[PDB]
């Protein structure tokens, strides 16, 4: 059994293993860091099955849950939020914060998302490129999703800049285990004081909604409000940052695609759909443990055995997406949906928000900076380490 996670074939490419497994052994065993053996499913068909089956569990306390790292094994001991719950506890807690993320709620947030993007672009323009390109990640990719989520949670405007750097420190590569931990409790501590304020003086934000609708009536404890809020902050922020930078690099890599977008910003949604398919920036989140014997393909996964469903592999499934390894915003989509945001009940709560932010960024960026270009040779782009999810650390640009 090969050790998993697999290493990306290269900077922007998924692991070379998926393609061969998909063709020769769709459902197979891999070995985790601690010697454990888990099942790895690679076909779109099987990934959807794993993501919806009632015979599979997301509870991390269950022996056999596929933890990918030592640190991950230690994080499993904390009190769970809906992300690690099975029905009916899952939807019961998830429905408490879901209203802000529905398609219509997100449609009403468009004017705000647009202004945030416009303001950040202007700030970046107000420092030019005086014999010095700017890092698109620090100046734009990072602030955009951070300010938005922080603002929705309830953080006052003047605190956004500092809190944005703190959250970034948690997931930063050059961060010690000490500074990452200090950043965590810093964010948690701030969220606690915020919940106290919103209990006294509630307002229009996710925390006030929790306090007024769930905390006060005794539905959940204050610590729970802190947990869910913290979950909403850390769950997909690092991912959004990478998706934005990955989108810019991809347009740099296919000038023909960029030309079409510049000529018609209306193509943004299609570009985003292909981007979330082609670059599956969150590839290790669909994991389960079998509650009972279940047959997947020709294999039979026994009770208490772990399963990892690769949505990244599923998104390159030749059986579903014709010419999967080709990035094409003009591609004709099949009836089966891409799995960039997961599938089933645990499908990303912020999928519509994530897409709205990306569409806003990509329908505005090149209208503001028509001549925007990566300042370093494409082969020199600083991608995240090959054994981690796909992303970009920094991205030098001139405009």
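Rigid core: the largest C-alpha set superposing within 1.5 Å between the two forms. Residue numbers count along the first chain shown, from 1.
The rigid core fit leaves 178-186 as the farther-lying stretch in 6 other deposited structures of this protein, judged by Cα positions and set against 178-186 and 115-123. Farther from the shown form on average, by C-alpha root mean square after a core fit in 6 other deposited structures of this protein, is 130-138, of the stretches 290-298 and 130-138. Relative to one another, 371-379 and 5-13 have unequal mean CA B-factors, and 371-379 is the one with the higher figure. The stretch with the higher mean CA B factor, choosing between 79-87 and 216-224, is 216-224. Ranking 272, 294, 193, 320 by the C-alpha B-factor listed in the PDB entry places 193 at the top.
Ranking 132, 143, 111, 103 by Cα temperature factor from the entry places 132 first. Ranked by Cα temperature factor within the chain, residue 154 sits in the middle third according to the deposited record. In this PDB entry, the Cα temperature factor of residue 53 sits in the middle third of its chain's modelled residues.
Remark: residue 280 belongs to the lowest third of its chain, ranked by C-alpha B-factor as recorded. When the modelled residues of the chain are ordered by their C-alpha B factor, residue 29 lands in the middle third. Among all modelled residues in its chain, residue 355 ranks in the lowest third by Cα B-factor.
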